[PDB]
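**Q** need the 3D shape of this:
(one chain, ligands or ions: 2)
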Amino acid sequence: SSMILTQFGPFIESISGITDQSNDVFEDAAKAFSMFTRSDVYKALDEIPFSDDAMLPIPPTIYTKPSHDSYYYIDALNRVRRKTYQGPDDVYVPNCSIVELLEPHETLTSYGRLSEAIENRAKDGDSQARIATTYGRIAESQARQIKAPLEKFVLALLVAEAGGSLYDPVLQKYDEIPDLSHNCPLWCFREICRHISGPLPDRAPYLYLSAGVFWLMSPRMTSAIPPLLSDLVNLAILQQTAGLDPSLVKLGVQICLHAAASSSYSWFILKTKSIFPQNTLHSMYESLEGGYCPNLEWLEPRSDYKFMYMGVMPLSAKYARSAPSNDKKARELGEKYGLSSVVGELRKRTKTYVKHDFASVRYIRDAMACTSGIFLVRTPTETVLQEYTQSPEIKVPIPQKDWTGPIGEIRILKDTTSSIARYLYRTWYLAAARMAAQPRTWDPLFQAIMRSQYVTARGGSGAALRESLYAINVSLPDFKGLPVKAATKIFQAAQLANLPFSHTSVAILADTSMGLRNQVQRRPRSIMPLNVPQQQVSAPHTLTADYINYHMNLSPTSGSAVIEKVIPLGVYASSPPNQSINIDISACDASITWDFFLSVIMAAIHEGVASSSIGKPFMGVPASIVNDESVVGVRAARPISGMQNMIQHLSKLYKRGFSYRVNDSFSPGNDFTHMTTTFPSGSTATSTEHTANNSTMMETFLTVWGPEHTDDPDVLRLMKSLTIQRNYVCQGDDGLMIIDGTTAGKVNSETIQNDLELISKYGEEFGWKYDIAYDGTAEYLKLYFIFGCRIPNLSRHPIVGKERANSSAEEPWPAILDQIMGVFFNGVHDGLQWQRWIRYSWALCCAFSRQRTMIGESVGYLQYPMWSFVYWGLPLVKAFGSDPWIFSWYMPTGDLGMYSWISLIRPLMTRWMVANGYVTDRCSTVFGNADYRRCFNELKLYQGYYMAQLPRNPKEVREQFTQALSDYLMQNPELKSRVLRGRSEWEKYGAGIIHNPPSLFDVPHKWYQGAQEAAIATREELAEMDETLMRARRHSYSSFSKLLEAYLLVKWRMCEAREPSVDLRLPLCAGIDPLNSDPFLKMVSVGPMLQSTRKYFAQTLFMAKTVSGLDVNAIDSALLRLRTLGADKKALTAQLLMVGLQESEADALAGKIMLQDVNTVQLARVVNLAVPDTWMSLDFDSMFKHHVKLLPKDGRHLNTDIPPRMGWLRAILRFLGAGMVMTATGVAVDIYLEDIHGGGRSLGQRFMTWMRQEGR
Ligand SMILES: C[n+]1cn([C@@H]2O[C@H](COP(=O)(O)OP(=O)(O)OP(=O)(O)OC[C@H]3O[C@@H](n4cnc5c(=O)[nH]c(N)nc54)[C@H](O)[C@@H]3O)[C@@H](O)[C@H]2O)c2nc(N)[nH]c(=O)c21
Ligand SMILES: [Mn+2]
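**A** Numbers count the residues shown, from 1 in each chain. Ligands and ions are numbered 1, 2, ... in the order given. For reference, the structure is listed below:
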């Protein structure tokens, strides 16, 4: 596009596969991006000759909106509240005018901020002004839920799309993805915005600033415009990068337009977010006529979550959707929110898919990508008042007469009881007893670990803890003058370190400060962070819960990444013969209260733990005496253990309820403490606890309640065939009920429906509202599955979206780079069209790679070379004269990735350097006669490589602090004695061998550092970071890292492509089909990762956990390095003593390590090699084992042989080979070791040098 094509022409061709990429062009393009004014982006958009198919009616009511005033009021407690009109949910930001409340900005006369007068008038308690300030502040907060200005993302899209269709190297044809003239989201963006600016020279409807927003002073501007615009941009990019059906995309825009047309965008999106999934995913195959699905076997023990692929299951009518119909509800929702045309259009299209195949799952995926991806926002006041207000309705309470007299704070549940609580009790009692009986529980190291779990940089309600203690004349050290963020639990630990349990006890009842975090397609999550003393006392609860989840049930301990959400389980559960019910418990925290659960759980633990903990303190808490009115009449003083003493103090808090301090920053005058029985989300127990009750109640239902409430033979059979150990997987409030079918097909839908209704009624008995879904679909941990195929949900990963719950300003450049790289990796995992996605990312990165630096009137610029992004993981499109698109997005990160792409075109690079004057008489074992040193410096390859490795963020009372922390951790004398023994032992057997000895004595320093890096950076500090970056760019190098220089000595031969590991007609991941060549062939040739990645990697460490503050992978690395470096057994023993272990254990594990055959992944850590995040979804284990041959294609070579004592080389060598195979576009190929320049022996010594030199 002339304007665009004129300014980025050369760069546009370098990322389209037409021209080689070069830092000169990359950086020129970067300069061009930064010099582009916002209005120019809109002018560029004006040049696009949009097509009629990219247009649709834009509701005039989007622009003319009411005054915010009728949407708020002042309540009885003088809190600015949101006035409700559409219902209990209608509490978000309303769609109203905004210009009347702003004062023009000094320099940007066309933009304005909330009037200083209104705010000050609000600070002065005026009611009308408080309301206007609230609305103004919350509208802004809504507009800030993005990573950066939308104009950056649009400009990047224009620049990358000007490259036109992309030629697929494998399919050997150009893609047929429509050009921007057909992009309805973009057309809307341009039109809506143009209509708003009107005659104004400024085209941007609002400006996204570092801490706030300014709105274009147009009477046509609305508080709903930013969210609307943000959705459009995402949809614009996804249509070009995921190849989304343009027609499905228009439906999505329609929905957003309707949201802006309503009285509240966020609210409208919340009420209609189910449209696309319900009418596609949840209504597929009413008529199944064919296609294939996975046939997996769930290996034993089912708890390993390991699966094996056995082939494909031919689909027929026998498998058509049998679950309840949702047509009625689906159409009702549409009719009610003015979207029936969209519902019906979606229903009509869905019924046309009578075969389950790539085409159909892609259809679902596409549809599901259209849902708004905004991070919903509302004031903290509103979140508090809605999420902490109502308790659960216990329909069948525990009889009052079923409790004994008190034993301190608790009451025992009689065994006479008829309550079903009876079972909840036994289970926790049992677990507590076995937990407490474990010898490890009484190991000082174990207790240090439990005491360190909550010693972090995160807040722990510091202010309130200091006040509760102040009220009893217990003043904590201030550490006046220490450069650390005081509002951290690490700081809290330091303050409490030398105080007895008895002095801080009262803090257990102190207020809890509320936090907040916004979510996509969901209402705000509240964050109630307990303080150190509260977390300490919660240990018994947490431990018993872990014991249950570890020994008594089938449960996930997943994070937020797709790589750790046991994808394999979903495939299995959703694959016909099998069926899965998605069971969930809504309002979980508010349902785990004292009346039923907590009073029972506290008692069961307090009693089940009695004998094992008899006369000992625990984690710092002393034993004591409690009032005993247990047995009727008699009343004595009863001795209890430390562990019991904890439960004793915890019960008081649980029983009393929690006090949440709410400081609504967005609502002037909204400061208050709110009491509620709703469970804390920031307790070490929360998740594990909820997981334990989930499985316990489900178990009780399958064993007792259910069977006793029906005589239906079939329902009794179904129930009896299920077990929480084999058919029910849970985590927190989410659960998956997996019903293995049979040869005779799947279990009767009606029989399942009956047994689900029983579950529903059963929950009402103890206050749980089960959110059960039976729809032929599987849902668990936010991943969606149908017929064994994963459906990535693109709407949940907003490209421009970003969660900003507070008013603090965004992190300083270049933190945005990490976020952009994160956006890129989401695309890889979500399976976007690889070429279009790669090209786009390059444009996006380039658009953020340049930042203006100020140094006292000296205007300069920080510039990250294109090579820094390669290092971070972004694959090259074409360089050094190579063919285009030969590099896959599965190229590893850092050194391993650098090694991979370089090895792929090494000869080419050499040939290119000479052809361009980079020649020397000096011959290189890697680049021959190529003057690589002068080449890599001139094209900033070394600079980018080294710049990519710098931090992207600024960085007597000292002895006192570190010492306090030290006392906290080294509380128990036995632990210290262990570490010291290790130290004097390290001198004799380990010192000199390695210099990276991990040690408990390090924790205090690691913690101090953490409390420091948590504080806010100073202006000067930011400068030092920039200067560090500029220094690295100005310096000239002569080599890469020592490890990379060593890998480059290794050469390979790529041979025969691998045979398919799975059927080519089999849909595993929607979007990953024959139309997405690289990802598809990789999936097919390599094969999917069929085991939980947590369970897999948990097998690559000698020790699962350690003190919070040390790295388990680091300890595992130190041990393995000492072994490799020839150190003696006693040296590993010394290392293990320094990390808290007992001599007996130390000597044993150490002796075990000396003789163990370490697997590829675990041993590879000796040189810091890690399995790439992007590979986690594929069967990398198989690649290392059977597809990276270390015996040259034609036999043994002198240089390839592995020296007798260097068998550990094979591990490292496997990673290098796999690196090249995965980085090469197309099918995974068998790679064969061809050469090692100086031979294996010389190579091993080279790595040993690196090993012993670390931290020197
Ligand atoms: C000053 N500074 C800002 N950020 C970050 O910038 C953001 C908000 O800032 P802002 O309004 O203060 O920053 P400006 O980017 O500079 O806005 P701006 O008005 O954007 O840039 C000014 C003008 O420079 C012009 N320009 C850009 N590139 C070039 C170029 O290559 N050559 C020439 N001749 N002009 C250029 C262009 O006209 C443009 O309007 C913050 O959030 C920070 O994170 C910094 N980050 C680091 N590490 N170090 C810094 O010294 C620094
Ligand atoms: Mn669920």
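**Q** in stretch 50-67, what's buried?
**A** Buried residues in stretch 50-67, counted by 16 or more other Cβ atoms under 10 Å: 50, 51, 54, 58, 62, 63, 65. Yep, even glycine has a C-beta here, placed from its N, CA and C like the rest.
**Q** contacting residues around the first one?
**A** Listed by Cβ atoms under 8 Å, 6 or more residues apart in numbering, the contact set of residue 50 reads 181, 182, 186, 187, 190.
**Q** quick check: what element follows the helix or strand residue 909 falls within along the chain?
**A** For residue 909, the element it lies in under DSSP states H and E is helix 906-915. Next in sequence after helix 906-915, counting helices and strands by DSSP H and E, comes strand 919-924.
**Q** for that following strand, packing partners?
**A** strand 928-930 (3 or more Cβ pairs under 8 Å, 6 or more residues apart in numbering; DSSP states H and E).
**Q** check which helices and strands the strand it packs on is in contact with.
**A** helix 906-915, strand 919-924.
**Q** looking at the ones you listed, which is closest to residue 79?
**A** Residue 79 sits nearest to helix 906-915 of all the helices and strands packed on strand 928-930, at 66.1 Å, using Cβ to Cβ.
**Q** any idea of the angle the closest one forms with strand 919-924?
**A** With axes from the mean of the first three to the mean of the last three Cα atoms, to 10 degrees as the basis, helix 906-915 and strand 919-924 are set at 150 degrees to each other.
**Q** can you count the residues close to the closest residue to residue 1120 other than its chain neighbours?
**A** Nearest non-adjacent residue to residue 1120, counting by Cβ to Cβ, 6 or more residues apart in numbering: residue 1166, 5.2 Å away. Neighbourhood size, residue 1166 [other Cβ atoms under 10 Å]: 24.
**Q** got it, and the one 4 residues further on?
**A** Residue 1170 sits with 16 neighbouring residues when counted by other Cβ under 10 Å.
**Q** center of the protein - which residue?
**A** Geometric centre of the chain, nearest residue: residue 560, 3.1 Å, by Cα atoms, centre = their mean.
**Q** dump the residue contacts of it.
**A** The contact partners of residue 560, taken as Cβ under 8 Å, 6+ apart, number zero.
**Q** distance of it relative to ligand 1?
**A** In this view, residue 560 and ligand 1 are 25 Å apart by Cβ to the nearest ligand atom, to the nearest Å.
**Q** on the three-state scheme, that residue is what?
**A** On the three-state scheme (DSSP: H, G, I helix; E, B strand; the rest coil), residue 560 is labelled coil.
**Q** can I assume residue 362 is in contact with residue 1070?
**A** Yes: taking Cβ atoms under 8 Å as the definition, residue 362 is a contact partner of residue 1070 at 5.4 Å.
**Q** spit out the contact partners of residue 411.
**A** Contacts for residue 411 (Cβ under 8 Å, 6+ apart) come out as 403, 404, 405, 599, 603.
**Q** could you pull up phi and psi at the residue nearest to the first one when sequence neighbours are not counted?
**A** On the basis of Cβ to Cβ, 6+ apart, the spatially nearest residue to residue 403 that is not a chain neighbour turns out to be residue 411, at 4.0 Å. Recorded main-chain torsions at residue 411 are phi -130, psi 140, according to degrees, to the nearest 10.
**Q** could you do the one 3 residues further on as well?
**A** For residue 414, the backbone dihedrals (degrees, to the nearest 10) come out as phi -50, psi 150.
**Q** how many neighbours does it have?
**A** For residue 414, the count of nearby residues is 15 (other Cβ under 10 Å).
**Q** ok, now which ones touch the closest residue to residue 894 other than its chain neighbours?
**A** Closest residue in space to residue 894, ignoring its immediate chain neighbours: residue 871 at 6.1 Å, by Cβ to Cβ, 6+ apart. Residue 871 is in contact with 893, 894, 897, 898, 944, 945, 948, 949, counting by Cβ under 8 Å, 6+ apart.
**Q** buried ones only from these, please, as a ChimeraX command.
**A** Buried members of the contacts of residue 871, defined by 16+ other Cβ under 10 Å, are picked up in ChimeraX with:
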select :893,894,897,898,944,945,948
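**Q** out of the contacts of residue 871, who's nearest ligand 1?
**A** residue 948 (15.8 Å; Cβ to the nearest ligand atom).
**Q** pretty sure that closest one contacts residue 868?
**A** Yes: Residue 948 sits in contact with residue 868 when judged by Cβ under 8 Å, with a separation of 3.9 Å.
**Q** residues in the chain within reach of ligand 1, list them.
**A** 31, 34-35, 210, 810, 812-813, 850-854, 861, 1022, 1026 (Cβ under 6 Å from any ligand atom).
**Q** ligand 1 versus the residue nearest to residue 894, what's the distance?
**A** In this view, residue 871 and ligand 1 are 20 Å apart by Cβ to the nearest ligand atom.
**Q** against ligand 2, how distant is that residue?
**A** 38 Å (Cβ to the ion, to the nearest Å).
**Q** hmm, who's touching the helix or strand hosting residue 450?
**A** Element membership for residue 450 (DSSP H and E) is helix 444-452. Residues outside helix 444-452 that contact it (Cβ under 8 Å, 6+ apart) are 440, 536, 539, 543, 618-620, 968-972, 974-975, 978, 1000, 1003, 1105-1109, 1139-1142.
**Q** how about the helix or strand residue 232 falls within: buried residues?
**A** Using DSSP H and E, the element containing residue 232 is helix 225-241. Within helix 225-241, the residues that count as buried by 16+ other Cβ under 10 Å are 225-241.
**Q** picking that back up, of residue 362 and residue 1070, who's got more company?
**A** residue 1070 (29 against 24).
**Q** tell me the residue of the stretch 1101-1250 of the chain that sits nearest ligand 2?
**A** Residue of the stretch 1101-1250 of the chain nearest ligand 2, by Cβ to the ion: residue 1177 (20.8 Å).
**Q** my guess is that residue meets residue 829, correct?
**A** Yes: here residue 1177 reaches residue 829: they are 7.0 Å apart, a contact under Cβ under 8 Å.
**Q** what's the distance between the residue in the stretch 601-750 of the chain positioned nearest to ligand 2 and residue 298?
**A** Residue nearest to ligand 2 within the stretch 601-750 of the chain: residue 734 (3.9 Å; Cβ to the ion). Separation of residue 734 from residue 298 (Cβ to Cβ, to the nearest Å): 19 Å.
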